[PDB]
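Chain A is the first sequence line, chain B the second, and so forth, proteins listed ahead of strands; every chain is numbered from 1. First listed ligand is number 1; within each ligand, the first listed atom is number 1. Computed over heavy atoms, backbone and side chain alike; hydrogens, waters and symmetry mates excluded.
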Amino acid sequence: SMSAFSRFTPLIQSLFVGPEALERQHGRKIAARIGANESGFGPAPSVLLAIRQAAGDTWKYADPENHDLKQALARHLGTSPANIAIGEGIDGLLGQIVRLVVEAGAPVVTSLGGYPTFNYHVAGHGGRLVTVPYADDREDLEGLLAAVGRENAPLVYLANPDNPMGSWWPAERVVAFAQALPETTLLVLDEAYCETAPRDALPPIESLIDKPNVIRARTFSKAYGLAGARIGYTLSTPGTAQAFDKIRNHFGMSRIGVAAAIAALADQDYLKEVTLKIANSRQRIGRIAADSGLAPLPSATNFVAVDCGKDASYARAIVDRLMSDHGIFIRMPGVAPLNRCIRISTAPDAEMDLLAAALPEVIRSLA
Amino acid sequence: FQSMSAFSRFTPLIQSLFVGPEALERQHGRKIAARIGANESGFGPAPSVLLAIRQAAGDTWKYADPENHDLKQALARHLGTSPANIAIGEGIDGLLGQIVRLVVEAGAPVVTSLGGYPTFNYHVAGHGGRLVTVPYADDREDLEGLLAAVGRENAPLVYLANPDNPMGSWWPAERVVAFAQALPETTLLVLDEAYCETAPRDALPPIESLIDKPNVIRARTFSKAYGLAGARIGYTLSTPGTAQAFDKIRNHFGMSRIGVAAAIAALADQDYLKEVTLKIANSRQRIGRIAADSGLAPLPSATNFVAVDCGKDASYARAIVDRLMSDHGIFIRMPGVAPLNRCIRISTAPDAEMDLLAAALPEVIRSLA
Ligand SMILES: *Cc1c(COP(=O)(O)O)cnc(C)c1O
Ligand SMILES: *Cc1c(COP(=O)(O)O)cnc(C)c1O
């Protein structure tokens, strides 16, 4: 505005619609909230109990060392807490990673149409984004490697499994990619979808944990059902993990969120149950898509990408009509040819039943 | 410094770069009996806020509204201002980091008080700013000295806390407004009002006195009187253009969904806030009595703590802090620079904690003679 402070940095001077904003725009409530990959299955009953029990302690700051959470993670994962950093979701950690490495004008390599929050952080720190097209619906490992080399980029992003296509690579291919990078380039390996992936997609911890130039990011926001709590963590060498202590808000963690995450980790039975429900919902979405003449894509995530078989304007019309006519909130990718697709999050049966009724009608109404 | 296993191409700045109570419990192998060192409000948030948290628990699978619309609307109503003037962040500490990021280029001078709020200094250093520190004047942040340092350095950023941490002192609103209006319009003032709720009304500038200034931002929190430190909810008051700059560099979905619900409920329960601010005031008086009974000198306060001059040197004050913890499980803190570090800082608390402190402090002082 004309009212802004006149001496923001030159970078600052040069610089997704959420579901609540959609409701305000459309003047209606969302009937199926299946567009942001939030887990409507919810966190475990034991986690809800832990939150309610923790409420009375919310006057205290969280432990700035995150000791109990790091220990719990370390015990679960079979690695040391010295290898672990805690942050405000993967999104918060991604911002910190960009800050740690990216100077104004530095090139940063990612996939064309890949996870947009990463791109937001890169731009906000003055990085120059270098994008690599997907190769047959997968993030192109060989192409990412070459772009890094061409630019001598200090940072590269890979999500495995991928958002928004839901695709994945075998662990051995991801490891080979990571090992091939120059040690002067940091890889952030975004494993937001660890919990829903086939085990053979995920590198063993020991395969990468000694590399100073690899950091892996995981979250409680997806399968664990705690998106609103903002708890993420990274796995790296201890020297790389320690760097977060130079630039993090030490008391920044939500005390209730940390309690919830510790409880979530403890309830592996619930995680097993919910991941089976997510898988079932992926199959249901695939059936619904196919019944409407669309092409669902294989997925290792908590959503299904669906190829709508025409162009981007058709996919957009489907998203908009689902919201306008049925109060169904989905999303779509933002670049060709990925944007031939829509992306539908998994959900309980009530939402699936609504989607099953609505999607054919939308497709019929567009013909 | 960085270790041999750290990524070898962290920025040159990065390469060049308080004990919490939980760590103290681990070190001493005991639970804290009186947690009165981090200015957390042991009075707690309102009963209605606890209910709101428990009711919101089932929705925690959803991300918070990235626009923070309902919270901004609630704050706008409470404050009597436009929601366009309001930015939301992860406490004042989170907002301070953002403010530094918005203004501070490597090497830029940033003015603050010597021994003033340390998290601000942490953020400045972390963004490559050059800290320019101004000694306190008689236990107050030296407005004249801050203004001189800004002028000398043409500093783009200056920090003022009113009321102050760690001394608890304050300036009248008219002096703060005069200070703010004397700064160059090319210098941003962050006016840290963490202690708004416990301050005398005449310490606080009216919103209208500063709200049209593009170079003033005021920061407030739910962490202190409202009893929600663990929820991490802070907000700022500024012009809309200044508020909008946060949208360029903030983690849009970063807010705790339960924390937002708690903050909205906390705002609604002004009867509870009134009650708790009176309890905090009473506890300050009790701490003053306890201090005086042990031959120490409590300082006036407009915060939720009392600074106490222990009348000797920094090593004496340190010994008091350490013995209270080791021998009695009592957690307090002290300032980190002379001559402020002649002092200890004791947070307010309910009667159970005050009673423990009243028994323990004389024993500690006696043991040190
Ligand atoms: C959902 C998601 C994130 C963000 O996770 P948070 O931990 O909630 O910040 C990051 N990366 C990918 C690929 C995601 O899908
Ligand atoms: C306690 C305190 C803060 C931190 O507040 P949060 O909102 O919890 O981040 C900031 N400034 C001062 C002066 C404080 O006393």
Side-chain angles (χ1 to χ4, degrees), chain A residues 36-39 59-62 87-95 111 114-118 139 157-166 188-194 196 217-224 226-234 249-252 257 261 301-303 343 345, chain B residues 38-41 61-64 89-97 113 116-120 141 159-168 190-196 198 219-226 228-236 251-254 259 263 303-305 345 347:
Chain A
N37 298 333
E38 298 153 321
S39 186
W59 59 274
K60 293 171 194 174
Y61 289 104
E88 290 84 57
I90 292 169
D91 279 355
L93 291 160
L94 290 177
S111 294
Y115 187 58
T117 306
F118 179 70
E139 294 185 26
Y157 176 90
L158 171 65
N160 189 61
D162 163 81
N163 179 355
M165 303 301 283
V188 54
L189 173 55
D190 185 341
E191 298 180 311
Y193 304 98
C194 176
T196 51
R218 286 113 172 259
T219 186
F220 287 87
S221 295
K222 300 292 152 61
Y224 283 111
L226 293 170
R230 318 306 302 124
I231 309 290
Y233 58 100
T234 56
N249 280 107
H250 278 249
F251 291 88
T301 66
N302 71 347
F303 60 80
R343 193 194 66 204
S345 304
Chain B
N39 300 333
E40 298 153 319
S41 187
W61 60 275
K62 293 172 196 174
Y63 288 105
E90 294 82 51
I92 291 170
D93 280 352
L95 288 160
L96 289 176
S113 296
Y117 188 59
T119 306
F120 180 71
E141 293 185 25
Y159 175 93
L160 170 67
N162 190 60
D164 164 84
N165 179 354
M167 302 300 283
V190 55
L191 173 55
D192 185 343
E193 296 181 313
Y195 304 99
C196 178
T198 54
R220 286 115 172 255
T221 185
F222 289 87
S223 294
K224 296 294 150 64
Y226 282 109
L228 293 171
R232 317 307 302 125
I233 309 289
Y235 57 99
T236 56
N251 310 57
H252 277 251
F253 292 87
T303 66
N304 70 349
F305 60 79
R345 193 192 67 204
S347 304

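Protein neighbours of ligand 1 below 4.0 Å, counting non-hydrogen atoms: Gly89(A), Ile90(A), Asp91(A), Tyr115(A), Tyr157(A), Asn163(A), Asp190(A), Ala192(A), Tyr193(A), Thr219(A), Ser221(A), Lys222(A), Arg230(A), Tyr63(B).
By the 4.5 Å heavy-atom criterion applied to side chains, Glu40(B) and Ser223(B) are not counted as neighbours. Between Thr117(A) and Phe253(B), the closest side-chain pair of non-hydrogen atoms is not below 4.5 Å.
When only modelled atom types and interatomic distance are considered, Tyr117(B) and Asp93(B) share a side-chain donor-acceptor pair under 3.5 Å.
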### Task
Start with the C-alpha distance between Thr303(B) and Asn39(B), add both sets of side-chain angles, then the distance that settles side chain to side chain contact (heavy atoms under 4.5 Å, CB included), and finish with yes or no.
CA-CA 9 Å; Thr303(B) 66; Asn39(B) 300 333; over 6 Å; no
### Task
Check step by step if side chain to side chain contact (heavy atoms under 4.5 Å, CB included) holds for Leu96(B) and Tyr159(B).
CA-CA 10 Å; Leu96(B) 289 176; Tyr159(B) 175 93; 4.1 Å; yes
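Between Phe220(A) and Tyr233(A), the ring planes lie tilted relative to each other; the angle falls in the 30° to 60° range.
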